[PDB]
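A.B. asks:
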Amino acid sequence: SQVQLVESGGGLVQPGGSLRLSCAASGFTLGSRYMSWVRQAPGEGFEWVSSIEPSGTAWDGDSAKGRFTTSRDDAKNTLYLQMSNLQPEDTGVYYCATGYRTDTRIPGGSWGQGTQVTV
Amino acid sequence: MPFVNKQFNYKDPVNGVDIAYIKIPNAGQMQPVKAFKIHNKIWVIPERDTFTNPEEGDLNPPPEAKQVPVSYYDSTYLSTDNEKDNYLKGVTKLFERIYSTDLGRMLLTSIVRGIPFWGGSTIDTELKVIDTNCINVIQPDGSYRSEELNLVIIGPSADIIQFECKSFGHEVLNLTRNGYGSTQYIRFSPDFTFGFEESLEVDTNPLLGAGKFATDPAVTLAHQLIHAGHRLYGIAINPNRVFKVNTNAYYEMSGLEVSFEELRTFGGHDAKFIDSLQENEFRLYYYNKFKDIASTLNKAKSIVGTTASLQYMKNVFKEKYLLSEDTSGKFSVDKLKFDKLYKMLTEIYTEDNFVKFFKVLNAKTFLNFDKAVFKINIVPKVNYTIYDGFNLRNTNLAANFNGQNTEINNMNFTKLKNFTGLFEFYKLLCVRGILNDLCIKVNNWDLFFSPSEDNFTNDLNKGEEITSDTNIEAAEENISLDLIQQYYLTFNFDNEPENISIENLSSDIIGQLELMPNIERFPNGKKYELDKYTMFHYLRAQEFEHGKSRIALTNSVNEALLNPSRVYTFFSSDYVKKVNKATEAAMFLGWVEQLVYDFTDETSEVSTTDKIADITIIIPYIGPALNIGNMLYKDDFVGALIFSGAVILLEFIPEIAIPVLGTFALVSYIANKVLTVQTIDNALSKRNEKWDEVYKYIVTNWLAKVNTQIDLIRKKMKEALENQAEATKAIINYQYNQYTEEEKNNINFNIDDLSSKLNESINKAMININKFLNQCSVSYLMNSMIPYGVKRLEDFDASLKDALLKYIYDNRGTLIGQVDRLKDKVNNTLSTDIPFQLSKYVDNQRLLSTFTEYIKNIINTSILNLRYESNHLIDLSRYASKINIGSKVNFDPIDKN
Amino acid sequence: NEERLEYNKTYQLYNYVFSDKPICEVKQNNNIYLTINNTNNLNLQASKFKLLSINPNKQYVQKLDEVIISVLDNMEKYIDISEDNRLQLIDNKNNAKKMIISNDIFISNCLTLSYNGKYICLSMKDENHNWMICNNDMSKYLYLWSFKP
Amino acid sequence: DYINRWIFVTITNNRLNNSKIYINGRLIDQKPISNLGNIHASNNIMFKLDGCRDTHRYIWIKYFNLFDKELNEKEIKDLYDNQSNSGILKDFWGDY
Ligand SMILES: [Ca+2]
Ligand SMILES: [Zn+2]
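Protein chains in written order, with PDB author numbering: chain A, 0 to 118; chain B, 1 to 434, 450 to 912; chain C, 1046 to 1194; chain D, 1009 to 1104.
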């Protein structure tokens, strides 16, 4: 087929306890690529959230270090993001993206459709 | 024709080709960094390097100061996307500056085709790449592509100004010493440079600026690119090969670490510190390494982990190692081809030679130590350009290296604080009750370099067997701009190796850096008890701290060392009395004039001697200035020099150890006339070499043990002269500030103008001192060293004469009819001496270059030189002043000047 | 040999930088150029040169003289400058370029050659061949030549 | 030796001592300048006849230099010799 990425998470709790985001991949083996999480707040640019290596190693940006832990399940071919201690400045649509430190729409990259989060 | 054909900006988004997040080999997990491929096989990562070596990942100053003379620590440096964008642009500009030179254009090309050998295969029928010689380029789609590279420039570690080549190793192989080569990681920054002191150029540039000069960062990068070049070709000298020094004596350095590799890289005189025997050892070592690579290639029947062909690959390495390929496809190494290549990599690519190309002020030797660190910005063209560096054409900055003078060009250089402390590493020298001990601390890099005797090894005492066949090593000519031009015009710029598709490596590439040997931190604050004031004391006594109090000059070293307001001078007591006197305001200017005159007079003093051969002039005040030798009157110094020769200048008398030379043994050929006569000729040819070898050896021991002492004495005399100027200025400035506002208002007194005048006087003085000290050093060579060699050589000629005659007579049967003619050849040849000619072994001594400097000196003092050239009347001076020509000016058609 | 350079005398031409390598002629596209032999014994023949003066009475060559360079191959060929500033041997003396010969005061056995202020030197590696070119931007050493008889 | 002939002029200035004028390489006259204070000269140098009442007057001039030191006797003579163009014959006036 092709490359498909689909996020799943509800994104509603007032400040602020926890949420687990999900990304289901198809067309490729998830664990063979560098993946990233990135959010776009209403009326504003992209911010790099998280990144996960093939080796399973996870790097997180200034935003949500000591808060979020990026994870994977290879059999289920799904990228997980575990958020905690959420605040109002964490609101926006959360995309699961294709690169490392993906900040931007880059030709050749793949994305999800987006997942809403209001805190 | 630029080296970097894209102009990158750090915020440009990753394309997966020349801009990407990449993984370098590492021991454990490594966080991907943003890199830029500026040229084929060459990448730049604008990041402080904590990734290369996870062990040292913290950018803070260490618990114990490094034992270098200069260091700088700022953890925040290069943490910003703006600084990253500037690093990238600066590094790029330096690459372009280097490339724009003939020498740099070769070096850069050599580095690119210097692809690390494929030695990965444990099965010799197959050719495989070595993993740590590659990186993983992360694509936008999340996949990585494995790609091989020669060179990566990365930001510095915790010590911002410490630049070096790093590379990864192999379980067994030494890739930098086996000719294989390994991908090179250089820690570098274009955002800082070193300050240094230079007194030598005053001969050709009498207007040379005062104070510190800044190293042109392009030289510094080039220096590292040269190391990189060695390491890529696997010819680097083992890091455990080091030049040992003597640290035990009060005047000697506490310790100094310098390696044969570094000596090789610096070039010039530094590289002549390594004797012929050892230089030979290396050439042969790497030649055999090259020969091994030939046999590895010859037995490789297939390629692995690429879509490229064994043909193409074998050809890549044929072009890297200059292999000869016969009709069958077998590889070997031509000693002629190899000699040429190894020579280019180690004698042509040298810091010394780059300086010749850049035309910048630079330390002539590593023994001229960096005294300071400076923040710079080379990215703006108004600051630093590809063609001119800091010294910008058609401006004041083009003259006398002003672009590099930190005070004249002060907007381009900001003084940072040296992290290496005041007297961080020193020795403590104490005179005994001349009343109790008066001790002073001496900076380690203010002490004497005294090379260990086990540094100079020779086979001179080994005999040889002369043979009908035995044949002659060539002249071994010195490196010169025209030889370089020879390499240049024969150099091949066409074929760069392709960037090939290679089988994907694992996501993380496993490897560690080559281990560097652990060096003992040398001892600190060793104390010494002395009976007599030393040179270090005499110089220290010439210093003062700034303050509101009026200092006075004294002719008593003791007084000066004992009191903060007392500064020692080697000037006459008349000068002392005059500079100290309280001066009425109405007489102040005339007073200053007299002081400036007296200063210039006393420092310009030169006594000529007609008594001795190699030393024409003597500067008498050197005696009381440095306490050279001993006793009192400067007439003692002039006298002692004339009597004892140059040896009175030396801090230590060097050992020159020249043994009984190994005699020749001739193989006899019965009944063969032609062979017997060739053997005789060969023994005579090798005899001429024995003379050249002994001369090279002594010249080598002299550069290291003697000429370095004289170079120190010289540097100290400039320090002495500058101290005297500072003292005199301070006293004059104190007198001026004693006046009333009204008195001052009637005295136009400009301390900067006075300073400028005294700095010119110091330059004139250094010109003389320089000539005197050069003649002194050379005189010691001619008179105190060479003769030991000539005695050993004449004894050798005598033994050979007896041997050769015995050989002729024993062979009179074969040699019949020729016996008399051969006797004469032997007796006449061996009764001559081969005269030592210094110009043959070192660069600066040719006769013509003396006249050359004189012409330069007058041309560099011309601030307007107005000539008619081409179609216009212009200024040929480096200032390039504008000329406006009226409509009625007429030019003689026959001669338009 | 530091003997006076003579007009109408046969010399071989050498560049200061490769002192043992004589100038030789090589044709490219139905016309003929001047190079040196970097392929050891490629059996290019050392080319034979003769300096000519507009004045029949002139014997010895002096600083600032105007000169025509000739060669004996089959007929007599005379030197011209191409549009690429590469020197070539041609058929017609009329088209021959008149060059100014001079010398360095400190190099006793060597000479320099110029046209319209543009000096003559050796080009970068090409074929491999290094062409005689009229260009002002190379290293000073490449502008020194000497004639050996 | 002078009238309508090329002359070589050299003036040297030692602010601590003397102002010196040379003709054809030789010292002619010297005057003490050490009583002179700060000298601030022009941002330009003007070659032109200023104040000459002879309308037919003119001058020839060549090889003008300005030096940042006081030239000594030796340098002045060497200068004089070097610039005389000894490779070309001269007429009485000093022209080629
Ligand atoms: Ca004192
Ligand atoms: Zn180095």
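Note that CB positions come from ideal geometry on N, CA and C, so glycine has one too.
In three-state terms, what does DSSP make of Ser276(B)?
C.D. replies: helix
A.B. asks: Is the distance from the Cβ of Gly229(B) to the Cβ of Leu345(B) below 8 angstroms?
C.D. replies: yes
A.B. asks: Please check the pair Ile386(B) and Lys93(B), which I expect to be a contact at CB under 8 angstroms, by giving their CB distance rounded to whole angstroms.
C.D. replies: Contact between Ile386(B) and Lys93(B) holds, since their C-beta atoms are separated by about 6 angstroms, short of 8 angstroms.
A.B. asks: Between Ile1165(C) and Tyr1188(C), how many whole angstroms is the CB-CB distance? I'm expecting something under 8 angstroms.
C.D. replies: The Cβ separation is near 7 angstroms, so the contact holds.
A.B. asks: Just to confirm before moving on: does the CB-CB distance between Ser259(B) and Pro239(B) stay below 8 angstroms?
C.D. replies: Yes.
A.B. asks: Tell me the residue span of the beta strand (DSSP E) that contains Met106(B).
C.D. replies: Per DSSP, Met106(B) belongs to no beta strand (DSSP E); it is in the alpha helix (DSSP H), 102-112.
A.B. asks: Below 7 angstroms on C-beta distance, what does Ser143(B) contact in chain A?
C.D. replies: Taking a Cβ-Cβ cut-off of 7 angstroms, the neighbours of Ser143(B) in chain A comprise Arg32, given in sequence order.
A.B. asks: Taking the runs of the beta strand (DSSP E) that are 3 residues or longer, which of them lie wholly in the stretch 474-556 of chain B?
C.D. replies: 479-481, 541-545
A.B. asks: Which word fits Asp1182(C), buried or exposed, when buried means at least 16 other C-beta atoms lie within 10 angstroms of its C-beta?
C.D. replies: exposed
A.B. asks: Per the DSSP calculation, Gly155(B) is bridged to which residue(s)?
C.D. replies: DSSP, once it has assigned bridges, lists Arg48(B) as partnering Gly155(B).
A.B. asks: First and last residue of the beta strand (DSSP E) that includes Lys1193(C)?
C.D. replies: 1190-1193
A.B. asks: Give me the Cα-Cα distance between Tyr21(B) and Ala63(A), rounded to the nearest whole angstrom.
C.D. replies: 22 angstroms
A.B. asks: For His561(B), is the beta carbon positioned less than 7 angstroms from some heavy atom of ligand 2?
C.D. replies: no
A.B. asks: Would DSSP call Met82(A) helix, strand or coil?
C.D. replies: strand
A.B. asks: Tell me which residues of the stretch 1074-1101 of chain C have at least one Cβ-Cβ distance to chain B shorter than 9 angstroms, keeping chain order.
C.D. replies: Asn1083
A.B. asks: Flag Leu576(B) as yes when its Cβ comes closer than 7 angstroms to any non-hydrogen atom of ligand 1, and as no otherwise.
C.D. replies: yes
A.B. asks: For the beta strand (DSSP E) holding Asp72(A), just list the boundary residues, first then last.
C.D. replies: 68-72
A.B. asks: Check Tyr93(A) in the structure and name its three-state DSSP category.
C.D. replies: Strand at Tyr93(A).
A.B. asks: Evaluate contact between the stretch 423-434 of chain B and the stretch 538-549 of chain B, counting only Cβ atoms and requiring at least three cross-stretch pairs below 8 angstroms.
C.D. replies: yes
A.B. asks: Suppose you measure from the CA of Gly104(B) to the CA of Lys855(B); what does that come to, to the nearest Å?
C.D. replies: 28 angstroms
A.B. asks: Tell me which residues pass a beta-carbon proximity test against ligand 2: closer than 7 angstroms to any heavy atom, given in chain order.
C.D. replies: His223(B), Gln224(B), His227(B), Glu262(B), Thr265(B)
A.B. asks: Taking the alpha carbon of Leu520(B) as the reference point, which residue from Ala222(B), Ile237(B), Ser143(B) has its own alpha carbon closest?
C.D. replies: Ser143(B)
A.B. asks: Rounded to whole angstroms, what's the CA-CA distance from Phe551(B) to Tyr251(B)? Just pull it up for me.
C.D. replies: Rounded to the nearest angstrom, the two C-alpha atoms are 9 angstroms apart.
A.B. asks: Return the chain-ordered list of same chain residues with a C-beta closer than 8 angstroms to the C-beta of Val834(B), the five sequence neighbours on each side being excluded.
C.D. replies: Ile823, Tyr824, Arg827
A.B. asks: Just confirm the distance between the C-beta atoms of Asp203(B) and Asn880(B), as a whole number of angstroms; I'd bet it's less than 8 angstroms.
C.D. replies: So it is not a contact: roughly 20 angstroms between Cβ atoms.
A.B. asks: Using a Cβ-Cβ distance under 8 angstroms, would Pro206(B) count as near chain D?
C.D. replies: yes
A.B. asks: Give a yes or no on whether the minimum CB-CB distance between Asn859(B) and chain C is below 8 angstroms.
C.D. replies: no
A.B. asks: To the nearest angstrom, report how far apart residue 914(B) and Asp839(B) are at their CA atoms.
C.D. replies: With chain B covering only 1 through 912, there is no way to say anything about residue 914(B).
A.B. asks: Could you give the C-beta distance for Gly15(A) and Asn76(A), rounded to a whole number, given that I count them as a contact under 8 angstroms?
C.D. replies: With a Cβ gap of about 30 angstroms, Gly15(A) and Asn76(A) do not count as contacting.
A.B. asks: Closer than 9 angstroms by beta-carbon distance: list the chain A residues that pair up with residue 442(B), in chain order.
C.D. replies: Gap in chain B between 434 and 450; residue 442(B) lies inside it and carries no coordinates.
A.B. asks: Taking C-beta to C-beta, are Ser1184(C) and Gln501(B) nearer than 8 angstroms?
C.D. replies: no
A.B. asks: At a threshold of 7 angstroms, does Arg565(B) count as lining ligand 1 (C-beta to nearest heavy atom)?
C.D. replies: no
A.B. asks: Run through chain B and tell me which residues come within less than 8 angstroms of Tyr99(A), C-beta to C-beta.
C.D. replies: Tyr21, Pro32, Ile138, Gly142
A.B. asks: If we count the other Cβ atoms within 10 Å of its Cβ and call it buried at 16 or more, is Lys897(B) buried or exposed?
C.D. replies: exposed
A.B. asks: Against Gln29(B), what residues of chain A qualify as contacts under a CB-to-CB distance less than 7 angstroms, listed in chain order?
C.D. replies: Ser54, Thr56
A.B. asks: Residue range of the alpha helix (DSSP H) that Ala228(B) falls in?
C.D. replies: Annotation for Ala228(B): the continuous alpha helix (DSSP H) segment containing it runs 217-233.
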